[PDB]
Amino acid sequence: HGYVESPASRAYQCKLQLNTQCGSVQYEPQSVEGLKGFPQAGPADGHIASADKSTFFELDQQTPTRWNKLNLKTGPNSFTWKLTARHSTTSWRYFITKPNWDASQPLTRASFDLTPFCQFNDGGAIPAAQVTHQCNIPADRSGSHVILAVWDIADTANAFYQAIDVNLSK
């Protein structure tokens, strides 16, 4: 259980009241939990941002202006998770939408480049309460994009999914 605090994820921005019409997740941003194994298995297409959890359905809405986007530069960026439960961890992966994705369609595997721009494999270790990853956001992305941070749990069937809405510039 945890969420990306910086750059603030869609779920966390819902808690901060920066996003609108978020429903349940604004009261529990740390619990966007679904099945692991993405992209071969995992949440179904169109249900990735909610991790296919019924009460988190609002997160699966997607339009060009639907979500509040953080202005970031491409290149070196830090991603920090705040964990409320430090579960034994298989991996942390950060994916970004394709260069020419469509923000007016639901998030599906076709929306994302399925080669993460960075990945950290922890071998089942128990993480600290705050975990920070430093990676380069691909420089060939500009404007509105979604970064999907995925945390796969080693000792359960689950993973946590954190969509992050961003507006990139050089």
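Throughout, we count residues from 1 along the sequence that is shown.
**Study point:** Stretch with the higher entry mean CA B-factor, where the candidates are 126 to 134 and 27 to 35
**Key:** Mean C-alpha B-factor is greater for 126 to 134.
_Mean CA temperature factor from the deposited coordinates, higher in 136 to 144 or in 45 to 53?_
Per the PDB record, 136 to 144.
Please say which third, lowest, middle or highest, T80 falls into when its CA temperature factor is compared across its chain. For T80, the deposited C-alpha B-factor lands in the lowest third.
Among all modelled residues of this chain, ranked by Cα B factor, put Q17 in the bottom, middle or top third, i.e. lowest, middle or highest.
-> Ranked within chain, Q17 CA B lands in the highest tercile.
Discussion item. Per the entry's values, where does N68 land by CA temperature factor relative to the rest of its chain, in the lowest, middle or highest third?
Written reply: Lowest third.
What third of the chain, by the recorded C-alpha B-factor, contains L59?
For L59, whose C-alpha B-factor we compare with every modelled residue in the chain, the answer is the lowest third.
Comparing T115 with the other modelled residues of its chain, is its CA B-factor in the lowest, middle or highest third? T115: CA B-factor falls in the highest third of its chain.
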